[PDB]
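Enquirer:
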Amino acid sequence: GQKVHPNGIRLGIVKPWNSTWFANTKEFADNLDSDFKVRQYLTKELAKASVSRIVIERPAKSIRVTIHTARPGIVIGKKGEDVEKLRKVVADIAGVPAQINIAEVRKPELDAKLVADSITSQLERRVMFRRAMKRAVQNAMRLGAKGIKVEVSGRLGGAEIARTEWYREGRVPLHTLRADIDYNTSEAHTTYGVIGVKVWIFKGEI
Amino acid sequence: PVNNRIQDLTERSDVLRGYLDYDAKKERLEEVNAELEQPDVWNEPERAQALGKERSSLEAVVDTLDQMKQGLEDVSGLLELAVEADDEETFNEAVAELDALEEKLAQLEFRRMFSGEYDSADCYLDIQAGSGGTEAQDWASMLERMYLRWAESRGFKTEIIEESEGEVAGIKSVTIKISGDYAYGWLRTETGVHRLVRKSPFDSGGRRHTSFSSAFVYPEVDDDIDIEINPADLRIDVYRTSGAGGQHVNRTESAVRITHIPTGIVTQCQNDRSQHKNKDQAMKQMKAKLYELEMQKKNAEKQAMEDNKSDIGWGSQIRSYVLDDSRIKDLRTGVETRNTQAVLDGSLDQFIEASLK
RNA sequence: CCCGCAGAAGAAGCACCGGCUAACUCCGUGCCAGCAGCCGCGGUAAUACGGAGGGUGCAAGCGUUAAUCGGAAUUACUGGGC
RNA sequence: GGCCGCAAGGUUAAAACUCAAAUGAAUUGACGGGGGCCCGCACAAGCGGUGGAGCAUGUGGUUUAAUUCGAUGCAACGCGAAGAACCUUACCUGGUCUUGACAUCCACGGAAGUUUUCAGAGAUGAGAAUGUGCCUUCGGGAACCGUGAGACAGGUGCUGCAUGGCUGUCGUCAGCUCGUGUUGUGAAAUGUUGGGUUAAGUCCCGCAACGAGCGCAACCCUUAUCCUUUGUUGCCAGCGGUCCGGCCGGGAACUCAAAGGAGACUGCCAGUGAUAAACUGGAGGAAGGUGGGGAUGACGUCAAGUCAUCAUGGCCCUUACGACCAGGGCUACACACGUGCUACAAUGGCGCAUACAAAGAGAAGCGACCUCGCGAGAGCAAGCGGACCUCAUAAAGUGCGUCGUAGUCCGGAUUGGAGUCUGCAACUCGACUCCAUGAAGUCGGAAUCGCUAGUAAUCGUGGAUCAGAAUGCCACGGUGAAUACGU
RNA sequence: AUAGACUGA
RNA sequence: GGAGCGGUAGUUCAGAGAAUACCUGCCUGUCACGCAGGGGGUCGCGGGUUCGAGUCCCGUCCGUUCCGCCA
Ligand SMILES: [Mg+2]
Ligand SMILES: [Mg+2]
Ligand SMILES: [Mg+2]
Ligand SMILES: [Mg+2]
Ligand SMILES: [Mg+2]
Ligand SMILES: [Mg+2]
Ligand SMILES: [Mg+2]
Ligand SMILES: [Mg+2]
Ligand SMILES: [Mg+2]
Ligand SMILES: [Mg+2]
Ligand SMILES: [Mg+2]
Ligand SMILES: [Mg+2]
Ligand SMILES: [Mg+2]
Ligand SMILES: [Mg+2]
Ligand SMILES: [Mg+2]
Ligand SMILES: [Mg+2]
Ligand SMILES: [Mg+2]
Ligand SMILES: [Mg+2]
Ligand SMILES: [Mg+2]
Ligand SMILES: [Mg+2]
Ligand SMILES: [Mg+2]
Ligand SMILES: [Mg+2]
Ligand SMILES: [Mg+2]
Ligand SMILES: [Mg+2]
Ligand SMILES: [Mg+2]
Ligand SMILES: [Mg+2]
Ligand SMILES: [Mg+2]
Ligand SMILES: [Mg+2]
Ligand SMILES: [Mg+2]
Ligand SMILES: [Mg+2]
Ligand SMILES: [Mg+2]
Ligand SMILES: [Mg+2]
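Line by line, the protein sequences are chains Y and V. Counting in this note's numbering, the first sequence runs from 908 upward without gaps. Counting in this note's numbering, the second sequence runs from 19 upward without gaps.
1. Could you tell me the alpha carbon to alpha carbon distance between V:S94 and V:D26, rounded to whole angstroms?
2. CB Y:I1088 to CB Y:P913, shorter than 8 angstroms?
3. Using only the alpha-carbon positions, how far apart do Y:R946 and Y:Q1045 sit?
4. Counting Cβ pairs closer than 8 angstroms, one from the segment 194–212 of chain V and one from the segment 106–123 of chain V, do we hit at least three?
5. Less than 6 angstroms between C-beta atoms, sequence neighbours within five positions excluded: which residues of the same chain meet that for V:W157?
6. Specify whether the segment 55–72 of chain V and the segment 116–127 of chain V touch according to this definition: at least 3 beta carbon pairs, one from each stretch, less than 8 angstroms apart.
7. Looking at V:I247 and V:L308, is the spacing between their C-beta atoms short of 8 angstroms?
8. By the three-class DSSP mapping on this structure, what secondary structure does V:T209 have?
9. Between the alpha carbons of V:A78 and V:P219, how many angstroms are there, rounded?
10. Quick check: is any heavy atom of ligand 20 less than 7 angstroms from the C-beta of V:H212?
11. Check the DSSP bridge columns for Y:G908 and list the partner residues they point to.
12. Please classify V:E153 as buried or exposed, where buried requires at least 16 neighbouring CB atoms within 10 angstroms.
13. For Y:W1107, which residues does DSSP report across the bridge?
14. Who pairs with V:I189 in a beta bridge, going by DSSP?
15. Quick check on this structure: which residue in V:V186, V:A306, V:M160, V:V274 has the alpha carbon closest to the alpha carbon of V:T358?
16. Under 8 angstroms between the Cβ atoms of Y:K968 and Y:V1003?
17. Could you name the residues of the same chain whose beta carbon sits closer than 8 angstroms to that of residue 379 of chain V, not counting the 5 residues immediately before and after it, in chain order?
18. Restricting to Cα atoms, I'd like to know which of Y:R1042, Y:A1023, Y:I981, Y:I970 is closest to Y:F929.
19. Suppose contacts are defined by Cβ-Cβ distances below 8 angstroms. Is Y:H975 in contact with Y:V990 by that definition?
20. How long is the line joining the alpha carbons of Y:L953 and Y:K1056, rounded to whole angstroms?
21. Give the DSSP-derived three-state secondary structure of Y:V1012 in the structure shown.
22. Would you please state the rounded distance, in angstroms, between the beta carbons of V:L34 and V:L123? I believe it to be under 8 angstroms.
23. Specify, as a first and last residue, the run of the alpha helix (DSSP H) that V:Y37 falls within.
24. Along the chain, where does the alpha helix (DSSP H) containing V:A139 start, and where does it finish?
25. Ends of the beta strand (DSSP E) at V:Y236?
26. Note down the Cα distance separating Y:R1085 from Y:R960, rounded to an integer number of angstroms.
27. Are V:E238 and V:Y165 touching if we call contact CB-CB under 8 angstroms?
28. Give me the Cα-Cα distance between Y:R1070 and Y:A1052, rounded to the nearest whole angstrom.
29. Use the C-beta contact count for V:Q155: other C-beta atoms within 10 angstroms, 16 or more gives buried, fewer gives exposed.
30. Take Y:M1040 as the anchor and find which of Y:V1104, Y:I920, Y:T927, Y:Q909 has the nearest alpha-carbon.
31. Strictly by DSSP, which residues pair up with Y:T1027?
32. Quick check: the Cα distance between V:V101 and V:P19, rounded to an integer number of angstroms?
33. Run through the segment 91–158 of chain V for me and flag every whole alpha helix (DSSP H) of 4 or more residues, listed as ranges in chain order.
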């Protein structure tokens, strides 16, 4: 039937949070909305920058945004111009002084978000779904992932009846809480509808 | 809003001009005046008087529409002099004149729907399920419910004459009397087979299925024969009783034979020994036969209209009810209504108005 | 039959494109109109209906119908079965 | 038609027409009122309910200008809705607007703004004053309001049978598959079957299978025991004094608070078992065989639900299917159904006195004390962003008295009058209080539901939504059973 | 001992 | 034409009741069957007797019977 979100079920055990700050009931909603606006802006500008995830931390009267990307060069820009411009807008949205830092996600094949984004981009460019899924699985296994599961659902190939396909290699234990299961989703807006892509990556336990 | 009412009546007048083609009626009047103006028309008085009455009929529509546009101009001018000068008296006067124009226009609007002797007679609706089985019976039940609700909205009386309930669901056949002013004229165009396209609830697989139900509207008739035979139209001849006494030497003129002079139907009675009783029996039989003749005259439609009743099945649809996609459409009139819900309970007048054409 | 004159000048259409079978998209329709040698297509996102663009096969011919044989080893003598 | 026969009929034996199949063997599932072996409050044994009454709430139907839309066997019906007087609102009536309520963008005019009248139910419209500011290459403008474009905005409009995402369900059922090898012409089979065993495709052994993956189990939270830390706002063993009140002096004992560890592992003993797996007991231990509870829901099934959280292909409307405002409706009522609350009383109603809980919330908020009002509450005014203050007397229970089997000193529906609170505004249509009245109902037909232990039954308490509006939902503890021969 | 039937995309 | 019999729940039958029928609620995935709870006509139509009428009496429609002959 329905499956629990691997990140949510492992939030306190073997996973970190994407937002780490303490706030009372008065400013809890305001901080959440500001973080949502900051993430929406950064994702839109850095969509071509291969940003795996964004971590927003709020020190005393400050906001430190760490952007994990597989292409640090484009995000940083020449002489830090791009990150400085991003820092200005993030500070404007948050209302408190901002500090944007860039982290490098080495081995981009072993990242659920990057694989899902790549598959959706290929599907939008009318690349065969089976070819994209097999290549993604083969790359992850070659790089050293202990297991990967890729699921693509929707009107595959323009068929009037939607279907769900999935390829799994290695071990992908979703019932082991001490498993470092990296899970992420993405959607591709094709000419026939919306196609959803889910990626599970198992990189070992503990 | 009164100016909008003026425009609405202007729209009604303009479309009524197109429907009744008063310009074409004037075109007919063009050659009507050719022989009426000249004195060479009373050689055949039928040619003269009939054209004179036809000219009045043509000019009835033509002049009323002319007075309609002229009246609308007058109301617009009066309201311009009223509202701008704050003359509420003229403001109310133009409304009354505008109402009078609507009455004149409505007369010609009702003229088109005036057709048939049974136009004002009470209508009788018969709905019988067809292809679709139980689902067709349910469609028939859904069909009669909206007809009853439509009749109630129009104020017409509803009387359930008979209903043969379906074995599983719905009703196989219903006969309902709808009584009201021009009830037959309103519902005479709802005759035929209606197609329902929806996923069958009775089907286990839930497949999209098509069902058919009929709707036959027959008008109010006299349904009674009170013809009284005439002695001048009857010839009575007495003769010897050939049966039960025709052998004996002594025979009396107890046997009678009554022959209807106009029709030619012969009737003879020899049972009783009294010619008067035999005459009475022959009178009853002959009058009964004449009663049958009038009944057969009424039954002429029962062998013609029943044959004209198309089979309740594929290819006989007059209106399509696509509930799955919400695209109810009358193929005869080419009218498509997206709101399935309204047509399912009332608002059938939308298709009726186009069907009056 | 040959020799001269003039001028590209006087000269290309038919069937088909769902599979069998070579050739794919758009638009209109909506179990209607219709197609169809068989399987079948059409009930609101049709390479099967109609039109257009493109293409395929023939060509002063192209398709349909009628008739025979073949495929049919499906009357088996060559050459079948209970 | 011919022949045979007493007859029934037998024997020889077509054609028209109709369909694209009919048929044999074998394979995988599914099913059987076939067989064998098992499991689950599935029956069986018990306890308490519903179906009868009143009321609350949802739904069908009817009505209506509208009674907005969706959810429909289990798996819809106290459902989306964790809360419709206005708003919400998507519906109706009426009055209005049309690059628009909401976005980008061009040009022009303006700061923006802050106050007063003005006619309208309001939208809106007509004014009148006030300021006319700030960065400033002082060159600009920046922002924020209007005007005129027109590319565009907008839709809770249709299709969940085009879709993403999320969810229900079989079902926490134990199953579902793959690689290679092998068998069969093939669909397929094996593994995954079989003897045990288990909650389990759990484990052992055998075996043309050898291994692997998703499933089971474990890892996670919580509870039951102990140790180590820390001792305040929590605690009071030893004391000191004290108004006797942990109240101060004190103390780090204990309860407790939150962090790290120990502990449970068939680890050990006996018996059976195929020298295996396991099971039946036993010791010790707080806990014994998964100690209890929760989270965790495999391949797939229902074209299951949601286009109305959202996104979304296509289709549809654009001076209207868009937008604003006032009022009304969603609360309508000849009926039927579902889920609940209160009762039909003595294991009880009422009056007086007196004990024992847990959990949670609080700053446009929780509200102490005192005074006033019979009461709902009103006035004044501490404390608390909290182990500190407030919400905040828990009730059932125990003692005494009374009622004495009656439609009653049961029951509190309905109605009349008078008020309090929120809110612009309780008429439609809120909650609560006081006086007055006192309906059915005396244990409920066919039928039907839940539960195996701190469970059922019963008693109170808190929270989300929320200005106000719970018998619903979510959570917290107090007393506390009966029964299970068995399939 | 009793126990019937599920139209048609 | 004469002599009798009748006319009552939607139907068939008793004298205002029974069976069938028809509602409502159950059972069932749904129907049927089955279970449970209900309602349904004021006696064909008129008059008269009667304190009192479906009943008794008369007339009338309505259907059922048998007879209606001898020369
Ligand atoms: Mg080809
Ligand atoms: Mg098309
Ligand atoms: Mg041959
Ligand atoms: Mg053969
Ligand atoms: Mg013969
Ligand atoms: Mg039982
Ligand atoms: Mg009840
Ligand atoms: Mg509703
Ligand atoms: Mg909808
Ligand atoms: Mg409202
Ligand atoms: Mg309003
Ligand atoms: Mg669906
Ligand atoms: Mg082989
Ligand atoms: Mg197998
Ligand atoms: Mg298996
Ligand atoms: Mg076994
Ligand atoms: Mg296993
Ligand atoms: Mg084995
Ligand atoms: Mg023990
Ligand atoms: Mg588990
Ligand atoms: Mg569906
Ligand atoms: Mg639906
Ligand atoms: Mg409601
Ligand atoms: Mg109310
Ligand atoms: Mg607290
Ligand atoms: Mg009382
Ligand atoms: Mg009573
Ligand atoms: Mg149990
Ligand atoms: Mg609360
Ligand atoms: Mg509240
Ligand atoms: Mg409790
Ligand atoms: Mg049958």
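From the three backbone atoms N, C-alpha and C, an ideal C-beta is built for every residue, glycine too.
Expert: This is what the structure holds:
1. Residue numbering aside, residue 94 of chain V sits at position 76 when the second sequence is read from its first letter. Residue numbering aside, residue 26 of chain V sits at position 8 when the second sequence is read from its first letter. For V:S94 and V:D26, the gap between their C-alpha atoms comes out near 13 angstroms.
2. The count along the first sequence starts at 1 and reaches residue 1088 of chain Y at position 181. The count along the first sequence starts at 1 and reaches residue 913 of chain Y at position 6. Closer than 8 angstroms, so yes.
3. Looking up residue 946 of chain Y in the first sequence gives position 39. Looking up residue 1045 of chain Y in the first sequence gives position 138. Here the alpha carbons of Y:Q1045 and Y:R946 stand approximately 31 angstroms from one another.
4. The segment 194–212 of chain V, when compared against the segment 106–123 of chain V, does not touch it at the 8 angstroms Cβ threshold.
5. Here the question's residue 157 of chain V lines up with position 139 in the second sequence. Taken in chain order, the residues that qualify are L214, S229, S231.
6. Not touching, per the Cβ criterion.
7. Numbered from its first residue, the second sequence carries residue 308 of chain V at position 290. Numbered from its first residue, the second sequence carries residue 247 of chain V at position 229. Taking 8 angstroms as the Cβ cut-off, V:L308 and V:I247 qualify as a contacting pair.
8. Counted from its first residue, the second sequence places residue 209 of chain V at position 191. In this structure, V:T209 counts as coil in the three-state DSSP scheme.
9. What you label residue 78 of chain V is simply residue 60 of the second sequence in a count that begins at 1. What you label residue 219 of chain V is simply residue 201 of the second sequence in a count that begins at 1. Going from the Cα of V:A78 to the Cα of V:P219 covers about 55 angstroms.
10. Sequence index remark: in the second sequence, residue 212 of chain V carries index 194 (1-based). Short note on V:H212: C-beta not closer than 7 angstroms to any heavy atom of ligand 20.
11. One-based indexing of the first sequence puts residue 908 of chain Y at position 1. Here Y:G908 is not bridged, per DSSP, to any residue.
12. The count along the second sequence starts at 1 and reaches residue 153 of chain V at position 135. When all chains shown are included, V:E153 counts as buried.
13. Mapped onto the first sequence, residue 1107 of chain Y falls at position 200. Y:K1056, Y:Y1090.
14. Taking the second sequence and counting its residues from 1, one reaches residue 189 of chain V at position 171. Looking at the DSSP output, V:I189 shares a beta bridge with V:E183.
15. As a position in the second sequence, residue 358 of chain V is number 340, starting the count at 1. Looking at the Cα atoms, V:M160 is the closest of the given residues.
16. Working through the first sequence from its first residue, we reach residue 968 of chain Y at position 61. Working through the first sequence from its first residue, we reach residue 1003 of chain Y at position 96. At a Cβ-Cβ threshold of 8 angstroms, Y:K968 and Y:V1003 count as neighbours.
17. No statement about residue 379 of chain V is possible, as the shown extent of chain V runs from 19 to 375 and does not include it.
18. Start at 1 with the first residue of the first sequence, and residue 929 of chain Y comes out as number 22. Distances from the alpha-carbon of Y:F929 to those of Y:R1042, Y:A1023, Y:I981, Y:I970 put Y:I970 closest.
19. On the first sequence, residue 975 of chain Y is found 68 positions in, with the first residue counted as 1. On the first sequence, residue 990 of chain Y is found 83 positions in, with the first residue counted as 1. Going by C-beta atoms, Y:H975 is not nearer than 8 angstroms to Y:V990.
20. Taking the first sequence and counting its residues from 1, the one referred to as residue 953 of chain Y is at position 46. Taking the first sequence and counting its residues from 1, the one referred to as residue 1056 of chain Y is at position 149. Those two C-alpha atoms are separated by around 26 angstroms.
21. In the first sequence, counting from the first residue as 1, residue 1012 of chain Y sits at position 105. Correct three-state label for Y:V1012: coil.
22. Locating residue 34 of chain V in the second sequence gives position 16, counting from the first residue. Locating residue 123 of chain V in the second sequence gives position 105, counting from the first residue. About 6 angstroms; that satisfies the 8 angstroms criterion.
23. Indexing the second sequence from 1 puts residue 37 of chain V at position 19. Here the alpha helix (DSSP H) through V:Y37 covers 20–38.
24. Sequence index remark: in the second sequence, residue 139 of chain V carries index 121 (1-based). Neither: V:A139 is in no alpha helix (DSSP H) and is coded neither H nor E.
25. Position 218 of the second sequence, counted from the first residue, corresponds to residue 236 of chain V. Boundaries of the beta strand (DSSP E) around V:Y236: 226–237.
26. Walking along the first sequence from the start, residue 1085 of chain Y turns up at place 178. Walking along the first sequence from the start, residue 960 of chain Y turns up at place 53. Y:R1085 and Y:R960 have their C-alpha atoms some 22 angstroms from each other.
27. Here residue 238 of chain V refers to the residue found at position 220 of the second sequence. Here residue 165 of chain V refers to the residue found at position 147 of the second sequence. Not in contact: V:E238 and V:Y165 (Cβ atoms no closer than 8 angstroms).
28. Stepping through the first sequence from its first residue, residue 1070 of chain Y is reached at position 163. Stepping through the first sequence from its first residue, residue 1052 of chain Y is reached at position 145. Annotation: Y:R1070 to Y:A1052 spans about 27 angstroms, alpha carbon to alpha carbon.
29. On the second sequence, residue 155 of chain V is found 137 positions in, with the first residue counted as 1. Under this definition V:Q155 is a buried residue.
30. Numbered from its first residue, the first sequence carries residue 1040 of chain Y at position 133. Among Y:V1104, Y:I920, Y:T927, Y:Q909, the Cα nearest to that of Y:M1040 belongs to Y:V1104.
31. Stepping through the first sequence from its first residue, residue 1027 of chain Y is reached at position 120. Per DSSP, Y:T1027 has no beta bridge partner at all.
32. Along the second sequence, one-based indexing puts residue 101 of chain V at 83. Along the second sequence, one-based indexing puts residue 19 of chain V at 1. So the alpha carbons of these two residues sit roughly 12 angstroms apart.
33. With a minimum length of 4 residues, the continuous alpha helix (DSSP H) runs that stay inside the segment 91–158 of chain V are 106–131.
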